[PDB]
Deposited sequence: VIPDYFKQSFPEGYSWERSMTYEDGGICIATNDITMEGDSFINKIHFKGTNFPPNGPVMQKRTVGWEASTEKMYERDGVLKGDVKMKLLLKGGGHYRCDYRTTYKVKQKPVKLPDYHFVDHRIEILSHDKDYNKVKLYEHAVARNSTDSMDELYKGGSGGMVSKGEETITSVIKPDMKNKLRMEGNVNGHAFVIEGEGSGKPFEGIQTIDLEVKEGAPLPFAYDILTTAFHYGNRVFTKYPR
């Protein structure tokens, strides 16, 4: 697939995440081989202080299916996800991502996604994540982000490909702990 023949140089994507309560996030990744190396800059704005994200009232994302397609000449990927709240309600969020693979089609292409937090330390300092991407090695990760004016940096280590297949990560907050927002808004950007 487009991410397989893009290496050993690497590819990149820009991701927009529009939440229901006005909060919006934009994240860019630059993936390269050295082992897979990931450098991501994350930023979210206008998350309500009484909302679920800034008050940590979320408990992981539900299973989802991203649809990939061709736009102008670009490879795009639409999907609307539902974040499950601590309370029984749901918290919707739209994902509009642009995959800028180096190898710059006619039909559609769907990818099922499943992300869960298997276990995590209190305050989500050390977190273990499980990612699952299905069509129809080692991975070093580093994220420097800022959410609602609070900067932070997350480092991680994991196994598996970062575009498809099964992937497990062991993340740890190095600068910015403790995070004052729901960690679930970052698990997708990884």
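> Which parts of the deposited sequence lack C-alpha coordinates?
Missing CA coords at 1 to 3, 38 to 39, 110 to 112, 145 to 176, 231 to 242.
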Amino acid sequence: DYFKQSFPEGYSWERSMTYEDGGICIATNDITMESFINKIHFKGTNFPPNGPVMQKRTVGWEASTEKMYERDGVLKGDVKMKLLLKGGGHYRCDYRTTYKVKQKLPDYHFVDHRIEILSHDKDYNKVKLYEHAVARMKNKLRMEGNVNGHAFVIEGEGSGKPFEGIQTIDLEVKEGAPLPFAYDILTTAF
From here on, numbers count along this sequence of modelled residues.
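> Can you tell me whether 53 to 61 has a higher mean C-alpha B factor than 66 to 74 in this record, or the other way round?
Taking the mean C-alpha B-factor of 53 to 61 and of 66 to 74, the larger value falls to 66 to 74.
> Decide which of the stretches 142 to 150 and 157 to 165 has the higher mean C-alpha B-factor, going by the entry.
According to the entry, 157 to 165 carries the higher average C-alpha B-factor.
> Among the candidates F190, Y183, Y2, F7, give the one with the maximum CA B-factor reported in the record.
That would be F7.
> So if I compare the CA B-factors in the entry for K43, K39, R136, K128, which one is the largest?
When the deposited C-alpha B-factors of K43, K39, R136, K128 are compared, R136 is largest.
> Sort the modelled residues of this chain by their C-alpha B factor and say whether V111 lands in the lowest, middle or highest third.
Answer is middle: the recorded C-alpha B-factor places it there.
> Please say which third, lowest, middle or highest, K102 falls into when its CA temperature factor is compared across its chain.
Its C-alpha B-factor, which the entry lists for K102, ranks in the highest third among residues of this chain.
> Which third of the chain does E175 land in by C-alpha B-factor: lowest, middle or highest?
CA B-factor rank for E175: middle third.
> Lowest, middle or highest third of the chain for the C-alpha temperature factor of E14?
Top third by C-alpha B-factor.
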